[PDB]
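What follows is one chain in structure tokens, specifically the form deposited in one PDB entry.
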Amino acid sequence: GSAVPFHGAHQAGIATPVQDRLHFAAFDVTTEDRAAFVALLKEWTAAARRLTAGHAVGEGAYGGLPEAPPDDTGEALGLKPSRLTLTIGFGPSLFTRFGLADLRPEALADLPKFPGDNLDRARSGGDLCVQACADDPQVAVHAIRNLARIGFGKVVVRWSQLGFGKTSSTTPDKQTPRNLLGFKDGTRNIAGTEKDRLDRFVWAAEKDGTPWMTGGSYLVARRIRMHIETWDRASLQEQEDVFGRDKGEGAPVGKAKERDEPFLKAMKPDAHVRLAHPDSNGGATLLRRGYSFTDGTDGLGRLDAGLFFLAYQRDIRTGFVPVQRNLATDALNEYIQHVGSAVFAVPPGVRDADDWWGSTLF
């Protein structure tokens, strides 16, 4: 139930232990007035300081003037902070506004088309994003709803995604969660304690070429549908061969324990783990932080199921792009389809109580 500190050199919600629930929103900007947009970023930062400490925004949820709408919508009253983090990102499309064209980072690369992509344009892209993670879904919905309300007239929600359960780990000391295919997901990630690996693979550095982004990161979001009818009729051996790990323990093929190191030559040449491993990709390493979803039925008698994949990296060109390119022959492709995509530059942290989201850019 405890609070996660909001201020720092980096934004929380990346290296932080992964919380149980997600509410992710992408917004488009509707104002052309730079000063008005700056005012919004400041007001949002002030609200985020309240929300992440379990307090109501503005003057509260009740006890004001009877004839005015309350400043806070009130549905998180009496709840703990529940490890809420709020992480903001800026999309490539933002940099066509407010005279920002020459400040777009090179590392904020547009993704190529990948074989098998079927991207819905309405649930792709976005001028900006807010990732809300918490252990209580009500706390996460409250945060997104109140930010959107404050932004009325300056921003609109483009698309959103809820995640009911995590499929990732930044804490190797704790149990690794399973995805809806029934396999542990998150064994070989980057841990929040691994400061050297975070500096090498996740945080942007001054020397990388974009000063305002120092201490930030780059985010790729992919909405992935899972063909569960097809998967659920596969044999146990087929399932294990797809990944290169056994289902019950999650050990590499031939080994006894989850955290034993993979021996790649024992895996099939199209096994997911073999293709995705840093040693297969010139050392490229990612911080994975995704969640499972189910959005009803598919209208054909079946449950809908998928994975909302999130990865953080120091440079999109040296992280997600080489790895996903190497997955062109993945055995897993038979059972999944990418149906949504977005990239964002995640700025540095809010240093103290006088700072504000995006201050290094604006």
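Position 1 is the first residue in the sequence shown; the rest follow in order. The term rigid core refers to the maximal set of C-alpha atoms that superpose within 1.5 Å between the two forms. Residues that one form lacks are left out of the comparison.
Trainee: Per the entry, where is the mean C-alpha temperature factor higher: 327-335 or 63-71?
Mentor: It is 63-71.
Trainee: Output the stretch having the higher mean C-alpha B factor in the entry; the candidates are 176-184 and 149-157.
Mentor: Per the PDB record, 149-157.
Trainee: Quiz for you: based on the deposited Cα B-factor, which of 217, 85, 168, 210 is highest?
Mentor: The record points to 210.
Trainee: Comparing recorded Cα B-factors across 290, 99, 262, 89, which one is largest?
Mentor: Comparing C-alpha B-factors across 290, 99, 262, 89, the top value belongs to 99.
Trainee: Would the CA B-factor of residue 51 place it in the lowest, middle or highest third of its chain?
Mentor: For residue 51, whose C-alpha B-factor we compare with every modelled residue in the chain, the answer is the lowest third.
Trainee: Thinking about Cα B factors across the chain, which third does residue 10 belong to?
Mentor: Answer is middle: the recorded C-alpha B-factor places it there.
Trainee: Residue 311's Cα B-factor: lowest, middle or highest third of the chain?
Mentor: Tercile = lowest for this residue's CA B-factor.
Trainee: What third of the chain, by the recorded C-alpha B-factor, contains residue 299?
Mentor: Answer is highest: the recorded C-alpha B-factor places it there.
Trainee: Lowest, middle or highest third: which one holds residue 114 when the chain's residues are ordered by CA B-factor from the entry?
Mentor: For residue 114, the deposited C-alpha B-factor lands in the highest third.
Form deposited in another entry: not shown, discussed below.
Trainee: After superposing on the rigid core, which residue out of 292, 281, 168, 82 has its C-alpha displaced by 2 Å or more between the shown form and the other one?
Mentor: Residue with a C-alpha shift of 2 Å or more: 168.
Trainee: Are residue 172 and residue 138 closer or farther apart at their Cα atoms in that other deposited form than shown, with the shift being 3 Å or more?
Mentor: Compared with this form, residue 172 and residue 138 lie closer in that other deposited form.
Trainee: Would you mind telling me if residue 168 and residue 281 are closer or farther apart in that other deposited form than in the shown form, C-alpha to C-alpha, with a 3 Å or larger change?
Mentor: Here the pair is closer than in that other deposited form; there, farther apart.
Trainee: Fitting the two forms on their core, which runs of three or more residues have every Cα moved by 2 Å or more between the shown form and the other one?
Mentor: Run with every C-alpha shifted by at least 2 Å: 164-173, nothing else.
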